[PDB]
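These notes are about the structure you will find just below.
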Amino acid sequence: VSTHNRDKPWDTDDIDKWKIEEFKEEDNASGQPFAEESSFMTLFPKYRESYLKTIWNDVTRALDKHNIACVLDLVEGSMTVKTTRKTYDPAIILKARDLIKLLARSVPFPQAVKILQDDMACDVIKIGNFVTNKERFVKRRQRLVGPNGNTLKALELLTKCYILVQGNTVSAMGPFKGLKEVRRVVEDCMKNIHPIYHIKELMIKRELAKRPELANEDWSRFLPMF
RNA sequence: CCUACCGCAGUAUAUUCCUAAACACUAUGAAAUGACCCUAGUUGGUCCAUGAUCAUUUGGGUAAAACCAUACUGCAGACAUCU
């Protein structure tokens with residue numbers, strides 16, 4: 002219970018709080034370019050290089066839709082995004098910082114370019130840090146995909162997120178609730194908890210969410226403890 | 001006695017119509033709060049009546065010359081007096 006909360010008369014149920022209104026040039030009410038250049042840089046593994054070398058022009062055109070300048074440096078092994086004078090959206094650089102990172106973690110460009118949309122969010126979760134043994138790490142990482150990918154499919158339908166497992170990372174793209182659930186499932190899966198328990202928990206949560214009378218009270222007696 | 005090659009000088013190496021593009025000009029309107037470019041100025045840079053930069057199309061112009069190769073045509077086979 003939070004005490005010392007003041008009343009909020011302006012808050013009513015009519016406002017859709019989660020809608021994202023479009024940002025345009027007229028929305029930037031200062032009317033001036035960004036004061037100084039903002040840049041984000043990442044490194045990528047060496048096996049991605051040639052793929053990046055093929056797709057970079059396409060990547061450039063995508064950022065040309067948002068006035069973001071991109072630089073690939075194969076000698077350094079780095080990808081850089083930066084704002085220009087033509088840039089008017091303050092957030093669109095951060096999404097650019099996501100995109101190259103998604104490109105660094107084996108997410109394909111047609112999937113990764115959707116991070117430029119407003120409703121899309123991404124998470125890159127490190128899985129190589131939990132356990133030091135190689136065989137245990139391989140087994141727990143394969144538990145995420147499962148046999149014939151079905152467990153992975155069971156994740157992607159439940160959290161509504163595109164999930165790609167590569168190396169020491171898992172890259173998830175979707176809504177924020179789905180990202181939260183994916184992070185929980187992945188971090189528990191690296192801690193020797195099988196994903197099927199979380200899958201069953203999400204099923205029970207999904208069926209309880211349909212019933213309106215069950216919203217106020219606790220779901221703990223329905224949920225099997227694991 | 002005649003042909004062919006050889007010397008020199010010319011002609012041709014696609015033609016007509018429509019059309020696309022380039023370059024430059026020209027016709028009309030727009031000029032000093034002139035116009036354009038650059039993460040952009042403690043005083044930026046470039047072009048600008050010697051016509052910039054924009055719009056309509058106003059209309060015409062240029063895209064050669066020299067040589068090689070092939071064919072054709074023509075002129076000569078000339079040691080050069082002149083006083």
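For what it's worth, full-length UniProt numbering labels the leading residue of the first sequence as 2, then goes sequentially.
Cβ coordinates follow ideal geometry from the N, Cα and C atoms, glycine included.
Give me whichever residues DSSP pairs with residue i in a beta bridge.
i      : result
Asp124 : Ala173
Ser79  : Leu44, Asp74
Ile69  : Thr84
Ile164 : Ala173
Between the Cα of residue i and those of the options, spot the shortest distance and give me the residue it belongs to.
i           : options                      : result
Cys162      : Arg142, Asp124, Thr84        : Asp124
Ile101      : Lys135, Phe138, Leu53        : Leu53
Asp90       : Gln112, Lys20, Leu145, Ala30 : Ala30
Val171      : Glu37, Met191, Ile93         : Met191
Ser79       : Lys87, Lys18, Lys47          : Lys47
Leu75       : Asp65, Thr81, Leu64, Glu50   : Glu50
residue 228 : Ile194, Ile164, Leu73        : The first residue shown for the chain is 2 and the last is 227, placing residue 228 beyond what the model contains.
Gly179      : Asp120, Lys9, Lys83          : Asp120
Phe138      : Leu158, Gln167, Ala155       : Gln167
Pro34       : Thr152, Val183, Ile93, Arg86 : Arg86
Return the CA-CA distance between residue i and residue j, expressed in angstroms with no decimal places.
i      : j      : result
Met226 : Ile197 : 13 angstroms
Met174 : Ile205 : 23 angstroms
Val186 : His199 : 6 angstroms
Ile126 : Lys201 : 22 angstroms
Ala105 : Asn134 : 25 angstroms
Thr4   : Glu38  : 43 angstroms
Should residue i be counted as a contact of the ligand SAM given a C-beta to heavy atom distance under 8 angstroms?
i    : result
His5 : In terms of ligand content, the structure shown is empty, and the ligand SAM therefore cannot be addressed.
Could you say if the region 8-17 and the region 67-74 meet the contact criterion of at least three C-beta pairs nearer than 8 angstroms?
no
With a floor of 3 residues, list each beta strand (DSSP E) that falls wholly inside the region 32-67, ordered by position along the chain.
40-44
Spell out a yes or no on whether the region 206-218 and the region 137-147 are touching, meaning 3 or more CB-CB pairs, one atom from each, closer than 8 angstroms.
no
Validate contact between the region 38-55 and the region 92-107 using beta carbons, cut 8 angstroms, 3 pairs:
yes
Is the region 58-66 in contact with the region 104-114, if contact means three or more CB pairs nearer than 8 angstroms?
yes
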